[PDB]
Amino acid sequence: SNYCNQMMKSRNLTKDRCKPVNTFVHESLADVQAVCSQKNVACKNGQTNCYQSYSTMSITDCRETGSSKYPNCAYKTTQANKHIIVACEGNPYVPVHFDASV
């Protein structure tokens, strides 16, 4: 429950501002990269190179509290099991953008 506060920091997500929302995925890298060969769907931005994971994945939702303030960025850590949706690109075809989870 202090996870998001550490994680946002170790991953340089609180460098100049506090990243409001951020999602971390706890599956193997291999499983997450495999999503690129799963259900093809529209990205929020309108491109058509997003994919949704056939399976729910173990994830963690990091959202800043209403009271948080740089440099002491504060986060609510919510764990969840959800289908993720990533944009894939390049060779190897791998995720390059987290898009959403359902």
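Counting begins at 1, following the sequence as shown. Superpose the two forms; the largest set of C-alphas matching within 1.5 Å is the rigid core.
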{"item": "Of 20-28 and 7-15, which departs more from this form in 6 other deposited structures of this protein by CA RMS after core fitting", "value": "7-15"}
{"item": "Stretch with larger C-alpha RMS deviation in 6 other deposited structures of this protein, core superposed, 43-51 versus 57-65", "value": "43-51"}
{"item": "Between 29-37 and 56-64 (mean CA B-factor, as deposited), the higher", "value": "56-64"}
{"item": "84-92 set against 11-19, stretch whose average Cα temperature factor tops the other in the entry", "value": "11-19"}
{"item": "B-factor third for the C-alpha atom of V102 within its chain", "value": "highest"}
{"item": "Cα B factor band for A74 (lowest, middle or highest third within the chain)", "value": "highest"}
